[PDB]
$ cat run.pdb   # PDB, C-alpha atoms
ATOM      1  CA  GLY Q   1     -34.486-121.668  71.784
ATOM      2  CA  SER Q   2     -32.882-124.435  73.829
ATOM      3  CA  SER Q   3     -29.163-124.084  73.114
ATOM      4  CA  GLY Q   4     -27.943-127.281  71.482
ATOM      5  CA  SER Q   5     -24.890-127.631  73.711
ATOM      6  CA  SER Q   6     -22.842-129.986  71.536
ATOM      7  CA  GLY Q   7     -19.446-129.675  69.880
ATOM      8  CA  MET Q   8     -16.427-131.216  71.594
ATOM      9  CA  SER Q   9     -16.246-134.772  70.257
ATOM     10  CA  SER Q  10     -16.667-137.347  73.025
ATOM     11  CA  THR Q  11     -13.063-138.281  73.803
ATOM     12  CA  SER Q  12     -12.049-141.714  75.089
ATOM     13  CA  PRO Q  13     -11.255-142.466  78.756
ATOM     14  CA  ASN Q  14      -7.749-143.730  77.992
ATOM     15  CA  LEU Q  15      -6.815-140.605  76.036
ATOM     16  CA  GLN Q  16      -8.260-138.199  78.602
ATOM     17  CA  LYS Q  17      -6.155-139.861  81.300
ATOM     18  CA  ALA Q  18      -3.034-139.425  79.169
ATOM     19  CA  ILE Q  19      -3.626-135.678  78.907
ATOM     20  CA  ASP Q  20      -4.240-135.117  82.619
ATOM     21  CA  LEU Q  21      -1.243-137.283  83.508
ATOM     22  CA  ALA Q  22       1.129-135.336  81.260
ATOM     23  CA  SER Q  23      -0.237-132.040  82.579
ATOM     24  CA  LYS Q  24       0.240-133.133  86.191
ATOM     25  CA  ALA Q  25       3.841-134.139  85.491
ATOM     26  CA  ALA Q  26       4.805-130.597  84.495
ATOM     27  CA  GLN Q  27       2.948-129.013  87.412
ATOM     28  CA  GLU Q  28       5.058-131.147  89.749
ATOM     29  CA  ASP Q  29       8.379-130.393  88.053
ATOM     30  CA  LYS Q  30       7.912-126.632  88.377
ATOM     31  CA  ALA Q  31       6.768-127.079  91.976
ATOM     32  CA  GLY Q  32       9.984-128.991  92.595
ATOM     33  CA  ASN Q  33       8.726-132.564  92.337
ATOM     34  CA  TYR Q  34      10.875-134.576  89.928
ATOM     35  CA  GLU Q  35      10.414-138.101  91.277
ATOM     36  CA  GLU Q  36       6.650-137.645  90.980
ATOM     37  CA  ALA Q  37       6.779-135.804  87.654
ATOM     38  CA  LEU Q  38       8.863-138.613  86.159
ATOM     39  CA  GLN Q  39       6.379-141.412  86.839
ATOM     40  CA  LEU Q  40       3.511-139.325  85.462
ATOM     41  CA  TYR Q  41       5.520-138.344  82.387
ATOM     42  CA  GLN Q  42       5.896-142.066  81.704
ATOM     43  CA  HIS Q  43       2.257-143.011  82.287
ATOM     44  CA  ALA Q  44       0.910-140.205  80.101
ATOM     45  CA  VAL Q  45       2.727-141.768  77.148
ATOM     46  CA  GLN Q  46       1.774-145.343  78.024
ATOM     47  CA  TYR Q  47      -1.896-144.398  77.709
ATOM     48  CA  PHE Q  48      -1.426-142.135  74.688
ATOM     49  CA  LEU Q  49       0.072-145.071  72.790
ATOM     50  CA  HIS Q  50      -2.638-147.565  73.744
ATOM     51  CA  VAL Q  51      -5.129-145.142  72.196
ATOM     52  CA  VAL Q  52      -3.231-144.665  68.936
ATOM     53  CA  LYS Q  53      -2.839-148.448  68.971
ATOM     54  CA  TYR Q  54      -6.500-149.463  68.761
ATOM     55  CA  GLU Q  55      -8.588-146.578  70.096
ATOM     56  CA  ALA Q  56      -6.911-144.266  67.585
ATOM     57  CA  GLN Q  57      -8.663-141.375  65.839
ATOM     58  CA  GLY Q  58      -7.003-140.338  62.593
ATOM     59  CA  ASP Q  59      -3.666-139.869  60.844
ATOM     60  CA  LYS Q  60      -3.957-136.249  61.974
ATOM     61  CA  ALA Q  61      -4.638-137.193  65.594
ATOM     62  CA  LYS Q  62      -2.125-140.042  65.773
ATOM     63  CA  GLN Q  63       0.754-137.674  65.019
ATOM     64  CA  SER Q  64      -0.627-134.979  67.322
ATOM     65  CA  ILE Q  65      -0.442-137.478  70.182
ATOM     66  CA  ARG Q  66       2.788-139.185  69.129
ATOM     67  CA  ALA Q  67       4.570-135.825  69.089
ATOM     68  CA  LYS Q  68       3.680-135.465  72.770
ATOM     69  CA  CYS Q  69       4.892-138.976  73.589
ATOM     70  CA  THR Q  70       8.360-138.188  72.239
ATOM     71  CA  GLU Q  71       8.474-134.804  73.974
ATOM     72  CA  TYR Q  72       7.388-136.111  77.377
ATOM     73  CA  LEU Q  73       9.602-139.175  76.953
ATOM     74  CA  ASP Q  74      12.666-137.002  76.359
ATOM     75  CA  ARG Q  75      11.874-134.679  79.265
ATOM     76  CA  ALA Q  76      11.575-137.584  81.701
ATOM     77  CA  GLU Q  77      14.846-139.125  80.525
ATOM     78  CA  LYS Q  78      16.488-136.036  82.020
ATOM     79  CA  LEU Q  79      14.701-136.097  85.378
ATOM     80  CA  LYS Q  80      16.240-139.560  85.698
ATOM     81  CA  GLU Q  81      19.809-138.328  85.234
ATOM     82  CA  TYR Q  82      19.113-135.699  87.893
ATOM     83  CA  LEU Q  83      17.294-137.963  90.350
ATOM     84  CA  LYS Q  84      20.202-140.410  90.179
ATOM     85  CA  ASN Q  85      22.770-137.626  90.550
ATOM     86  CA  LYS Q  86      21.391-136.796  93.997
ATOM     87  CA  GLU Q  87      20.471-140.373  94.909
ATOM     88  CA  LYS Q  88      22.951-142.282  97.070
ATOM     89  CA  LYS Q  89      26.159-142.705  95.072
ATOM     90  CA  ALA Q  90      26.037-145.851  92.936
ATOM     91  CA  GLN Q  91      28.788-148.391  93.603
ATOM     92  CA  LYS Q  92      31.161-149.094  90.714
ATOM     93  CA  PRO Q  93      31.026-152.423  88.832
ATOM     94  CA  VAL Q  94      33.813-154.940  89.440
ATOM     95  CA  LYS Q  95      35.002-157.462  86.855
ATOM     96  CA  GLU Q  96      32.303-156.355  84.412
ATOM     97  CA  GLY Q  97      34.450-155.354  81.450
ATOM     98  CA  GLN Q  98      37.600-153.243  81.290
ATOM     99  CA  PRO Q  99      38.651-151.370  78.122
ATOM    100  CA  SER Q 100      41.643-152.640  76.145
ATOM    101  CA  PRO Q 101      43.487-151.734  72.918
ATOM    102  CA  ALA Q 102      43.705-153.867  69.776
ATOM    103  CA  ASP Q 103      46.267-156.572  69.010
ATOM    104  CA  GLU Q 104      49.570-155.088  70.175
ATOM    105  CA  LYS Q 105      51.643-153.501  67.408
ATOM    106  CA  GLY Q 106      53.339-155.806  64.919
ATOM    107  CA  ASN Q 107      56.467-154.446  63.250
ATOM    108  CA  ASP Q 108      59.530-153.937  65.447
ATOM    109  CA  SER Q 109      61.834-150.911  65.538
ATOM    110  CA  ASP Q 110      64.703-149.776  67.763
ATOM    111  CA  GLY Q 111      63.689-147.263  70.417
ATOM    112  CA  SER Q 112      63.761-146.218  74.065
ATOM    113  CA  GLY Q 113      61.464-147.297  76.882
ATOM    114  CA  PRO Q 114      61.449-144.996  79.930
ATOM    115  CA  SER Q 115      59.745-146.869  82.770
ATOM    116  CA  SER Q 116      60.186-147.965  86.385
ATOM    117  CA  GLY Q 117      63.377-149.951  85.887
TER     118      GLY Q 117
END
$ encode --input "run.pdb" --output "structure tokens"
Amino acid sequence: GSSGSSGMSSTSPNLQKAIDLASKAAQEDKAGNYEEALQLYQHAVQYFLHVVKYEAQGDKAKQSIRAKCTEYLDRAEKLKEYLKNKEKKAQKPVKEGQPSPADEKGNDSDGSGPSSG
């Protein structure tokens, strides 16, 4: 009886890559690699989407993948805030846009004004 080795549905190349990518990202993070984990975390999603775009599978699959895209996307967002925190201090913007209050008060009332005078 020749075993009919056959079950796991033949997955697409784009999807497979997305999985491996995402997996690698984590492995790096734990190891201590954030800069590398970030990139991967991004790619994984990029591919995942492409699949659900045209090479999709089913309403059930779409969500299954999407859920991962959001998760990985959020995780990466953080690695960025950390990578920049250590990265060489970022110079401050000059003449970009300073905050200011609304049209100065209107009514006028008697009062004091303690200031350098």
$ atom_distance --input "run.pdb" --atom1 "atom CA of residue 63 of chain Q" --atom2 "atom CA of residue 44 of chain Q"
15.3 Å
$ closest_residue --input "run.pdb" --among "Q:40, Q:62, Q:94, Q:84" --to "residue 28 of chain Q" --atoms "only C-alpha atoms"
Q:40
$ atom_distance --input "run.pdb" --atom1 "atom CA of residue 36 of chain Q" --atom2 "atom CA of residue 56 of chain Q"
27.8 Å
$ axis_aligned_box --input "run.pdb" --around "segment 15-26 of chain Q" --padding-each-side "4 Å" --output "lines of an AutoDock Vina configuration file"
center_x = -1.7
center_y = -135.6
center_z = 81.1
size_x = 21.1
size_y = 18.0
size_z = 18.2
$ closest_residue --input "run.pdb" --among "Q:38, Q:21, Q:29, Q:6" --to "residue 80 of chain Q" --atoms "only C-alpha atoms"
Q:38
$ residues_around --input "run.pdb" --residues "residue 41 of chain Q" --least-positions-apart "3" --cutoff "9 Å" --atoms "all atoms listed in the file" --output "list in words"
residues 21, 22, 23, 24, 25, 26, 36, 37, 38, 44, 45, 69, 72, 73, 75 and 76 of chain Q
$ atom_distance --input "run.pdb" --atom1 "atom CA of residue 17 of chain Q" --atom2 "atom CA of residue 57 of chain Q"
15.7 Å
$ resolve_selection --input "run.pdb" --expression "the PyMOL selection byres ((chain Q and resi 65) around 10)" --output "list in words"
residues 15, 18, 19, 45, 48, 49, 51, 52, 56, 60, 61, 62, 63, 64, 66, 67, 68, 69 and 70 of chain Q
$ closest_residue --input "run.pdb" --among "Q:35, Q:71, Q:59, Q:20" --to "residue 47 of chain Q" --atoms "only C-alpha atoms"
Q:20
$ closest_residue --input "run.pdb" --among "Q:27, Q:16, Q:107, Q:9" --to "residue 50 of chain Q" --atoms "only C-alpha atoms"
Q:16
$ closest_residue --input "run.pdb" --among "Q:90, Q:7, Q:83, Q:112" --to "residue 32 of chain Q" --atoms "all atoms listed in the file"
Q:83
